[PDB]
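# Structure, please.
(one chain, ligands or ions: 1)
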Amino acid sequence: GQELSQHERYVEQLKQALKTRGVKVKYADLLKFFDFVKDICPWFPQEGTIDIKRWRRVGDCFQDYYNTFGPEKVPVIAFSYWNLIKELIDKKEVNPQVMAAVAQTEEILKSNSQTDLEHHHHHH
Ligand SMILES: *C(=O)CCCCCCCCCCCCC
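Numbers count the residues shown, from 1 in each chain. Find the structure here:
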């Protein structure tokens, strides 16, 4: 959600990198969103976090299939992919939804094995 603002600035950074590849001028957010959103999130485009283990499984499936299918528009962007996914998470260490899925799913407030409410304790 709000993290969207962060995605904007980044989107601009990703475009610059590809720009140095001598590649034409295309949108990264869209090209990636549509492709990925439908890739790891084919039935749930609501969130869809960045994943290396999954994107890899679904990545090879569609990819290994598209290529083995002898395509007529064999894009080079392929080679670029995968490698970018790794270096991506790194520069993402900033504070994306990935880090949130942790603070949210595993709130620090959680007791030893109870809940954040903590019946034993009473604060107000
Ligand atoms: C809430 O709607 C914000 C979206 C939550 C997940 C997105 C977080 C960052 C997305 C990474 C994009 C870069 C690689 C595709």
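
# CA only for contacts and neighbour counts going forward, please
OK.

# quick one: contacts of stretch 34-53?
Where contact means C-alpha atoms under 8 Å, 6 or more residues apart in numbering, the residues beyond stretch 34-53 that reach it are 54, 55, 58, 59, 85, 86, 89, 97, 98.

# which secondary structure element contains the third one?
What it means is residue 58. helix 53-68 (DSSP states H and E).

# And that helix, what's buried?
For helix 53-68, the neighbour count (16 or more other C-alpha atoms under 10 Å) marks 55, 59 as buried.

# go on, stretch 74-90?
Quick answer for stretch 74-90 (16+ other C-alpha under 10 Å): residue 82.

# Show residues contacting it.
For stretch 74-90, the external contacting residues (C-alpha under 8 Å, 6+ apart) are 50, 52, 56, 67.

# Just send the contacts of stretch 34-53 back as JSON lines, with distance to residue 45 too.
Converted to JSON lines, the contacts of stretch 34-53 look like this (distance: C-alpha to C-alpha, whole Å):
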{"residue": "54", "distance to residue 45": "15"}
{"residue": "55", "distance to residue 45": "14"}
{"residue": "58", "distance to residue 45": "15"}
{"residue": "59", "distance to residue 45": "17"}
{"residue": "85", "distance to residue 45": "19"}
{"residue": "86", "distance to residue 45": "22"}
{"residue": "89", "distance to residue 45": "20"}
{"residue": "97", "distance to residue 45": "14"}
{"residue": "98", "distance to residue 45": "16"}
